[PDB]
RNA sequence: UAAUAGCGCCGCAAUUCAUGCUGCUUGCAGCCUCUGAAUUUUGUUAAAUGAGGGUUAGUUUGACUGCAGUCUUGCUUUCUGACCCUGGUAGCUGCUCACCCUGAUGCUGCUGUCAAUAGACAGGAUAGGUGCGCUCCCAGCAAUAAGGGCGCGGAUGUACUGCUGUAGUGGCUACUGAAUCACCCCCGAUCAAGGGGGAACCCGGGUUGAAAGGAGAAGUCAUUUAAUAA
Ligand SMILES: Nc1ncnc2c1ncn2[C@@H]1O[C@H](COP(=O)(O)OP(=O)(O)OP(=O)(O)O)[C@@H](O)[C@H]1O
Ligand SMILES: [Mg+2]
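What follows is the structure in structure tokens.
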């Protein structure tokens, strides 16, 4: 999981305000940060079954948050997809 | 304090090797190998219960490699108005097997089941007349249908109960009677209590003609009364700084009877 | 302190016969001294089973020819013995937790010493409960079965381990500590390799625990853990 400094850094950049402790922008971005650190270890440690359970959960949460945001506000959804480099 | 130790040692029971105890032990040993049931009778203070307990320590449980214990002699004393369940409870518990809840038939089967297998040869029953009249069917069952000598023990009241049923009287017809002390036997016994039981710092001459008048009237030949009169006198005397019993403290004790 | 009960095994004891034991009537009589089936009993310095994790191209179960003589190979597995350990730091990574109640196929349970902090040191497979074990039971913990209660902030168009977080417990990779044995000791080789020196016993030769094999591919089933979903 992320360092304390790394969470504070991510929440301050994707949060709409410093007090925006849990917007979808924040949650999706944090998940994207974790997933980007976990694919670099899981491509090397191919025998590490316990980490594939962690990855498949963490990707599936990201998708639910994104589907919710898409219907809620397509402009927020489009910007968030850009800022995270997703397709 | 030294007196404290003597007062605390004189209240405590001990067993003396009297000819009446020797006689029973040999008589029971005949009946044990012969596997014949019988009874022991005699007046209340002749020391029947002690002679039997003393006999149980002649026959501790026996064991060898590959064998469960034989428990040759069993001893019990029933509660008042003893039903069949209460008898079976006391046999089972003397063998130290756990007793659960059950109907009387579960206890009966459980009892046969531990008087077999665990080998028993003899069952000794103090105060047999606490048994309810029907339980004797269960005593007879044990004795005929297992290789067990049953030994009833009790006073002249027991026979007054037994005479009420032919079926029992006949299984248990053979008997031994305990009696009272007299003449030379009473005199010789007083010297054993003086020297084995009391063990006071100097001789009290309790076998002397003056002392044996006091003891004979006070005890009437019961070993019980002789034991408890002589201890009470030894106890009281020691408290007065006396290294012996004396005629006056012995008469102080006897006068309470 | 506690663990009473339930369930599965292990013998011990009968009781009933036979697949057994004596006969000849080759099918009956007879019993339980054996060897075995069935029921029921038991928990007795009875007897018998008895899963803490690891270690040898180990030994014996082999082929051929008339039980004697030749040749012999180190494959894949199941036991019995014996010995060793109860681990080390260097990264990566999963899960779990605001705080409470219920407490799950949940975790933990040995001896001795010092602390009596939660942990070190030295022993060790006897290691909570019984003859031996469990998903059962007792004791402590319980966030990491699950359900319910519910505080303040973020979001609030159905999404929300999504906040209150530095520890707990795992996974994986690299190096490393001990045993690398089959009667012990010593020097080596692991796609190969053996050799040298002793102790004990039997009648200068043997002995110094046994046993099994028809192999591959593919589909399918049952339970059992994770993930997703309605
Ligand atoms: N061997 C002995 N040694 C010492 N005292 C004995 C002995 N035998 C009997 N006694 C005396 O008897 C006592 C034992 O109990 P006691 O004889 O009074 O009861 P009991 O006769 O068994 O009773 P009951 O007949 O009513 O069942 C002892 O305390 C003692 O005084
Ligand atoms: Mg009595």
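Protein chains in written order, with the deposited numbering: chain S, 2 to 88; chain I, 19 to 275.
Using N, Cα and C, we set each Cβ at its ideal position, and we do this for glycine too.
Shorter than 7 Å, the distance from the beta carbon of residue i to the closest heavy atom of ligand 1, or not?
i: residue 234 of chain I; result: no
i: residue 255 of chain I; result: no
i: residue 68 of chain I; result: yes
i: residue 42 of chain I; result: no
i: residue 31 of chain I; result: yes
i: residue 84 of chain I; result: no
i: residue 173 of chain I; result: yes
i: residue 247 of chain I; result: no
i: residue 122 of chain I; result: no
i: residue 200 of chain I; result: no
i: residue 36 of chain I; result: yes
Tell me whether residue i is buried or exposed, calling it buried when 16 or more other Cβ atoms sit within 10 Å of its Cβ.
i: residue 38 of chain I; result: buried
i: residue 33 of chain S; result: buried
i: residue 122 of chain I; result: exposed
i: residue 23 of chain S; result: exposed
i: residue 110 of chain I; result: buried
i: residue 214 of chain I; result: exposed
i: residue 222 of chain I; result: buried
i: residue 107 of chain I; result: buried
i: residue 20 of chain I; result: exposed
i: residue 69 of chain I; result: buried
i: residue 193 of chain I; result: exposed
i: residue 239 of chain I; result: buried
i: residue 66 of chain I; result: buried
i: residue 129 of chain I; result: buried
i: residue 75 of chain S; result: exposed
i: residue 51 of chain S; result: exposed
i: residue 245 of chain I; result: buried
i: residue 64 of chain S; result: exposed
i: residue 46 of chain S; result: exposed
i: residue 57 of chain S; result: exposed
What is the DSSP secondary structure of residue i, counted as helix, strand or coil?
i: residue 65 of chain I; result: coil
i: residue 101 of chain I; result: coil
i: residue 59 of chain I; result: strand
i: residue 69 of chain S; result: helix
i: residue 23 of chain S; result: coil
i: residue 90 of chain I; result: coil
i: residue 76 of chain I; result: coil
i: residue 95 of chain I; result: coil
i: residue 259 of chain I; result: coil
i: residue 115 of chain I; result: coil
i: residue 15 of chain S; result: helix
i: residue 43 of chain I; result: helix
i: residue 48 of chain I; result: helix
i: residue 30 of chain I; result: coil
i: residue 190 of chain I; result: coil
i: residue 121 of chain I; result: coil
Can you find the residues in the same chain that come closer than 8 Å, C-beta to C-beta, to residue i, ignoring five residues on each side of it along the sequence?
i: residue 243 of chain I; result: 63, 236, 237 and 275
i: residue 15 of chain I; result: Within the shown structure, residues of chain I are numbered from 19 to 275, placing residue 15 of chain I beyond reach of any answer.
i: residue 77 of chain S; result: 25, 26 and 70
i: residue 11 of chain S; result: 3, 27, 30, 31 and 34
i: residue 16 of chain S; result: 22, 24, 26 and 27
i: residue 53 of chain I; result: 139, 165, 166 and 167
Any heavy atom of ligand 2 within a distance shorter than 7 Å of the CB on residue i?
i: residue 145 of chain I; result: yes
i: residue 59 of chain I; result: no
i: residue 220 of chain I; result: no
i: residue 186 of chain I; result: no
For residue i, list the residues DSSP reports as bridge partners.
i: residue 167 of chain I; result: I:140
i: residue 195 of chain I; result: I:59
i: residue 149 of chain I; result: I:100
i: residue 82 of chain I; result: I:85
i: residue 172 of chain I; result: I:59
Less than 7 Å between C-beta atoms, sequence neighbours within five positions excluded: which residues of the same chain meet that for residue i?
i: residue 100 of chain I; result: 148, 149, 150 and 153
i: residue 19 of chain S; result: 13
i: residue 219 of chain I; result: 261
i: residue 216 of chain I; result: 248 and 252
i: residue 157 of chain I; result: 168
Excluding sequence positions up to five away, which residues of its chain have a Cβ less than 6 Å from the Cβ of residue i?
i: residue 54 of chain S; result: none
i: residue 98 of chain I; result: 148
i: residue 95 of chain I; result: 144 and 145
i: residue 103 of chain I; result: 122 and 125
i: residue 286 of chain I; result: Residue numbering for chain I in the displayed model covers 19 to 275; residue 286 of chain I lies beyond these limits and cannot be assessed.
i: residue 93 of chain I; result: 74 and 142
i: residue 80 of chain I; result: 88
i: residue 28 of chain I; result: 249, 252 and 253
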